[PDB]
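Summary of the model geometry
Below are the chains, spelled out letter by letter.
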6 protein chains.
Amino acid sequence: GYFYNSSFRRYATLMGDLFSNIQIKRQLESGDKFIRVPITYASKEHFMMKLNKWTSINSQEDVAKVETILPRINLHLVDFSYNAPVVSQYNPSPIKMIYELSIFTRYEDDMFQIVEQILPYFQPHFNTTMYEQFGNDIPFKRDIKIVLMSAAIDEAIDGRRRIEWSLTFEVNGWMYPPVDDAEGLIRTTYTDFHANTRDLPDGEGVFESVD
Amino acid sequence: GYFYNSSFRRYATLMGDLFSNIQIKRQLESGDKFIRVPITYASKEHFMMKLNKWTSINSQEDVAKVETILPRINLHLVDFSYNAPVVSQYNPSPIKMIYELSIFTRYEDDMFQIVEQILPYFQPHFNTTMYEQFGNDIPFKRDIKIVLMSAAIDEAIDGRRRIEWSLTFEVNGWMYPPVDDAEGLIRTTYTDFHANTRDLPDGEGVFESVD
Amino acid sequence: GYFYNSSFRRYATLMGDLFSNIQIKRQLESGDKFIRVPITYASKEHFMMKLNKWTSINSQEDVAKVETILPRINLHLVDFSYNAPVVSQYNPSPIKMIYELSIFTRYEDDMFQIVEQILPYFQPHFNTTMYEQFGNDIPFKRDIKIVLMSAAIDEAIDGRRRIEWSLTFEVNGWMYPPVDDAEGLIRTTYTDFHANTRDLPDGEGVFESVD
Amino acid sequence: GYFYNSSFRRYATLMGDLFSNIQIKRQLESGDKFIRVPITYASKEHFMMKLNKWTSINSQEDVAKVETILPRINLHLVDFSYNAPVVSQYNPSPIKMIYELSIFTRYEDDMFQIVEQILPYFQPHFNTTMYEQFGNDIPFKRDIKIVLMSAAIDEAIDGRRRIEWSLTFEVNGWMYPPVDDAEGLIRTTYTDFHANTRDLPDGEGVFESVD
Amino acid sequence: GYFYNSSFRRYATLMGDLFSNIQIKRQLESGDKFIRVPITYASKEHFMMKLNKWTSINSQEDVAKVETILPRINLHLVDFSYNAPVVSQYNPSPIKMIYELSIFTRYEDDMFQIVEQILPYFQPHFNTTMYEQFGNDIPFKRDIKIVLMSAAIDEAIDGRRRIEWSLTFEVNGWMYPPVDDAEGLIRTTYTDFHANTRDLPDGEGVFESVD
Amino acid sequence: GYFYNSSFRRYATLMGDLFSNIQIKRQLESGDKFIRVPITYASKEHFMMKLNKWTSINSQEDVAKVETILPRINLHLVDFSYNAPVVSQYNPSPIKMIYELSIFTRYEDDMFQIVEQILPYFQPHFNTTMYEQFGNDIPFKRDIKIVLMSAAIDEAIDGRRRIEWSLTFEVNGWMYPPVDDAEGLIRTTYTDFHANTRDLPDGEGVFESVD
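So, how was this worked out
- Residues numbered from 1 in each chain as written, not as in the entry; some residues may be left out.
- Chains lettered and ligands numbered in written order.
- Part of a larger assembly, values for the part shown.
- Heavy atoms only, no water.
- Residues with missing side-chain atoms left out of burial classes, pairs and counts.
- UniProt positions renumbered as here; feature names shortened; annotations may be inferred.
- Pairing = 2+ DSSP bridges.
- Helix = DSSP H or I, 4+ residues; strand = E, 2+ residues; numbered from the N terminus.
- Axes fitted to C-alpha atoms, helices over the stretch in contact; angles between N-to-C directions.
- Contact = heavy atoms within 4.5 Å.
- Buried area = accessible area lost by both parts, 1.4 Å probe.
- Salt bridge = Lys/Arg side-chain N within 4 Å of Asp/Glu carboxyl O.
- Polar contact = N/O pair within 3.5 Å; in protein donor to acceptor, adjacent residues only side chain to side chain.
- Expected span 1.5 Å × (residues − 1).
- Buried < 20%, exposed > 50% of the residue type's maximum accessible area, 1.4 Å probe, protein only.
- Least-squares fit on C-alpha atoms.

The name that the PDB entry assigns to chain A is Tail connector protein Gp15, with the source organism given as Enterobacteria phage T4. Quoted verbatim from the Function field of the UniProt record, the comment on chain A reads "Stabilizes the tail sheath structure and acts as a connector between the end of tail and the portal vertex of the capsid." Its UniProt record gives chain A a comment under Subunit, which states: "Hexamer. Interacts with gp3 and gp18 on the bottom part of the hexamer. Interacts with gp13 and gp14 on the top part of the hexamer."

Looking now at the sheet that holds strand β9 (residues 186-191) of chain B. Residues and elements named next belong to chain B. If you trace the eight strands from one edge of the open sheet to the other, you get β3-β4-β5-β8-β7-β6-β9-β10, paired in mixed fashion. Every interior strand has two partners, whereas the edge strands, β3 (39-41) and β10 (197-199), have only one. Ignoring strand direction, the axes of neighbouring strands in this sheet form an average angle of 30°. The pairing of strand β4 (residues 72-82) with strand β5 (residues 93-105) spans ten bridges and is antiparallel. When the sheet's bridge partners are listed, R72 is paired in β5 with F104. Sheet strands touched by helix α1 (residues 7-18): β3, β4, β5, β6 (125-134), β7 (140-154), β8 (163-175), β9 and β10. Its angle to β8, the strand with the most contacts, is close to 135°.

The extent of an interface is frequently quoted as the accessible surface area lost upon association of the parts. Facing the 30 residues of chain D at the interface are 22 residues of chain E. Carbon and sulfur atoms supply 65% of the area buried between chain D and chain E, which totals about 2200 Å² over both sides. Counting the surface chain D buries against chain E, the share from its top three residues, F8(D), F80(D) and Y82(D), is 26%. There are one salt bridge connecting chain D and chain E. Between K25(E) and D180(D) there is a salt bridge; the shortest N-O distance is 3.3 Å. Counting across the interface, chain D meets chain E through eleven residue pairs in polar contact. The set of elements that each furnish at least two residues to the side of chain D that touches chain E consists of α1 (7-18), α2 (44-54), β4 (72-82) and β5 (93-105) of chain D.

What follows is about the interface of chain E and chain F. Each partner contributes to the interface: chain E provides 29 residues, whereas chain F provides 23 residues. Here chain E packs against chain F, burying approximately 2200 Å² in sum over the two surfaces, 65% of which is carbon and sulfur. When the area that chain E buries against chain F is broken down by residue, the three leading residues are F8(E), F80(E) and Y82(E), summing to 26%. Counting across the interface, chain E meets chain F through one salt bridge. Counting the contacts that link chain E with chain F gives nine residue pairs in polar contact. If you list the elements that add at least two residues to the side of chain E that touches chain F, you get α1 (7-18), α2 (44-54), β4 (72-82) and β5 (93-105) of chain E.

With that out of the way, let us pick up helix α1 (residues 7-18) of chain C. All names here are of chain C. Over its twelve residues, α1 extends 17 Å from the first C-alpha to the last, a length consistent with the 16 Å expected when each residue adds 1.5 Å. The buried fraction of α1 amounts to eleven of the twelve residues, a majority that puts the element mostly inside the structure. Considered for burial, the residues of α1 that qualify are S7, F8, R10, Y11, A12, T13, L14, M15, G16, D17 and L18. The backbone nitrogen of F8 lies 3.3 Å from a side-chain oxygen of the residue at the head of α1, namely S6.

On to the relation of the copies chain D and chain E. Between the two copies, chain D and chain E, the superposition gives an RMSD of 0.2 Å; the rotation angle is 60° and the shift along the axis is 0.1 Å. A rotation of that kind, with that shift, is consistent with a six-fold axis.

This part takes up the pattern of salt bridges. Tallied over the full model, the rule gives 65 salt bridges over all chains. Salt bridges sharing partners connect three or more residues here, namely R10(A), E132(A) and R142(A).

Every other side chain in a regular strand lies on the same face of the sheet, so the side chains alternate between the two faces. Residues and elements named next belong to chain F. With twelve of 13 residues buried, strand β5 (residues 93-105) lies mostly within the body of the structure. Where β5 meets strand β8 (residues 163-175), 13 bridges bridge the pair, whose relative direction is antiparallel. Note that in β8 the partner of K96 across the bridge is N172.

Turning our attention to the sheet that holds strand β4 (residues 72-82) of chain A. Residue and element names in this part refer to chain A. Pairing is mixed in the open sheet, where eight strands are placed in the order β3-β4-β5-β8-β7-β6-β9-β10. Edge positions in the sheet fall to β3 (39-41) and β10 (197-199), since each has one partner strand and no second. Within this sheet the neighbouring strands show an average axis-to-axis angle of 30°, counted without direction. In terms of strand pairing, strand β6 (residues 125-134) meets strand β7 (residues 140-154) through eight bridges, oriented antiparallel. Each residue of the ladder has a partner; that of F126, found in β7, is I146. Running over the sheet, helix α2 (residues 44-54) touches β3, β4, β5 (93-105) and β8 (163-175) and is turned about 20° from β5.

Given below as structure tokens:
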């Protein structure tokens, strides 16, 4: 029920999965608890609407169930353009994609931990080699440059309430016409922030559903 | 009831027809269904008005027939200017025309499919050779450069509701004074995204009528 | 009841008259009908007010009489400045005058026809030699460059309603102090869009009255 | 009841007087009537307030007296700055003064007449030699350059009503500390638009009082 | 009740005092009256509040009293920044300070007089040597350049009412850490608009209290 | 209950502590009283809301306790970016951090005293060498350049009421991935405005709690 080999989907999942494995430390009496930051893919307005819905105190079980919601990260595509350096598709087209990575947090410390886990890997760019194999052929080698373009710090108060920092990223990637899922599912690998060659998980696995 | 040989009409139809034959795959229980994206030519404000009129659930048969409406594409001219590099018409005038191609979709996946079918052919430009023959004379050969200028991503929510992406295109074309339909209908051919020589269909054939 | 030899008047009429003789083809049951596009000289705000007064369906004999109103063209001066390349007047002062030519239309087709009759003659400029003779002396030869600067496309809806495209033109002309109508009326000729030497008609002849 | 030798006052009067002597022809049956355009010096907002006060139909004795009010010209200073090319005053300081000259008119024809009498003398500048004599000493020779910087066209409707064009002028003049009226009144002459050496009239003669 | 040796205070007082001694001539029947223009140091908003408070007619004794309030001058610091050309304080730090000098007046004539007394001494700059002696040591010589940056003309009406012109000045001065008033009071002299060496009056002497 | 070795935290504390020790002189009859200006770390809006909560005169016990609140300083991070001049962390990444230092005060004199204690040490930059030791290893030497970028002056009145000046600072520092507190606590020293090597106090000591 979705175009599996979509190039946009692959870039969405790649970006999401780079930021999928981020935890914050939270000290308890019995001991330190490390919690994973759940990440979604959605238009920002959408996400924020639904976030205002979850954070709403409707009953007594909600009062507690409120601090499990934050911290979180929302991801979205916000712009793209041709990337000015016989047919077209591997050899493919140099495209350039703009992503907003929106971190939301109830505690400045939460934010500090998270961003400290992101920010140092972009100087200002972070390279990743991606391998996309078609059926059983030799995989393709796509050089992917991800550039940290800017950051934006903001709040939204009520008495605490909610800290929001947004990073903007430029992916220098590759576009080509759709290759039907029926012609075979694309196998994809990439190098993470430590040059560790992870293989790209399916979409359904990286993003929690806002729905 | 229209000036058939209109230069503007030909550019509207040319653009509309390049993007006329775009389908999205939609996986069903019985098997995959492929649906064509219907295309219109209209002022954007107009299109959106009539679209809000259609999207309104008036009766029970409308509730279903709503997701037959989307996806669609609306096309319009939004600007033109002289294209700065004895009488005038073949030799004609280098003109430059600005088109807004507006894709509306209920599902991110629909969008991904469509744009992946448009975007790779503009690097940033796409050439097409056009042949316009007058009655039975030797056809004229007009070199047409179409350049992808920018993209713009947006929403418009209600609880799903509607994704809207707009591509802006610069057509580098040719203008000349009207040649009366009474002097004979122009025969028009062109090269598509695959250098395949289709001949330009009548207006009534490419655009579904917003009316 | 007006300064006949007014320099501004002469430019208003010249511009008005270049665009005075434009017809659109309108296919009927009995056969093709050609209708002339009527031109007025007025402040834009004004013109649109009176146009909203005329187009308002107050009654039934109006219901029909509404589609005789459109299409039309309103012309106006909007800016002027010294034209940086013993006393003053022939030898006169190089002035530069800015005109807004506003085309209004109920049908996209009407617009296409009209503008296709304007646009090809400005690449980006259109020359005209003007001859202004004083009484019976040797006429003066003023070289007039008219440059097409920009275009602007708009609507104004209600259920159709009205298409509005405005061209902006830079006339590079000549200014001098007023020469009394009592010293004799100035004779003026010019070369039209086909370099055919028409002579400049009186104001009352070119523009229908907005009043 | 005012500092007669005021430098600001002198420039205000020079400017007003260059534009003091302007008439429009107004054709009647009995014969042509020439009317002088009255000029005032006032903040623009002020002038327009009082002008809305005069033009209001309070009675029938007012109804006639309305078309004697327009046309008029309001003049005002709107900016000044040092003019970047032992003590201070002749030798004096190069200053630069900015004037808004505002023409108001009930008929486009009136405007054409007035502005046609102003505009051709600024190409883009108009020089005037000014002679300022102290008591009986040798007059000082101040070269004054007046530059037409821009023009601005506007209306203000009610059913006719009122045309407003504003010229902006850069006077390149001279400033020095105040020379008391008790030390003797300055004698001032200048060259008009025709190099005719008029001598600068007292303020009260050039400007009608808005008060 | 204040840090007497404050560097900011010294610059505020220096500026205030250059403009402390400005009078306007006011011709009366009995004879000419010269009135000194009172100067305050305050935030512009503040000053205007209190000015509206003074100018308000609450009783009959106010009616007369009210027309003595204008003319006046309000002064304030509005910006500062480092002034780009072993420890720090004589040798001290080149700072640059921005002052708004705001002249308010009921009569154009009053304004003309005042500004004619300010404006000519800035071409565009006015130099002044300042001497700050510590206890009994050799005085320090600080070169102070004051530059006239821009001017701004405005009104505020009611039936007269009030003229407001503002000069903006860049003082190129010197900052250093605070030298306690207990370590001895700094003695300060400077050169006025005529290179005449006045010594800096205490704050309380230059500015009338807005409080 | 916070990531002690957080880099953002260290820079917040470094900045806060350079400005931790600022006093103003306040003359009493019994003798001069020196009061330390308290510093907080908070988003500006937050600080201002809570400041409006403290400044509200609710009772008589509140009326006195008003002038103990001011003066104060609020500090916050407002922007950051890569600082464009085998793995990453000491060797670490050149980052650039933007801080808004907001000084609030009831008296101009208070402001003058404070800012005079800050401003002279930034010409436009101030260097500090920081030593960060991990457990017991050899310290790291991070060169920290703090640049004064701009200042901004404002009020907020009610009859006095409150002066607000804001300095903006560019810290040219260093980022690296989080080093767990469990791996040992970081020891930090730095050179203050006088090259005095103080050691960085814990967060809890520098900032008063806004909560």
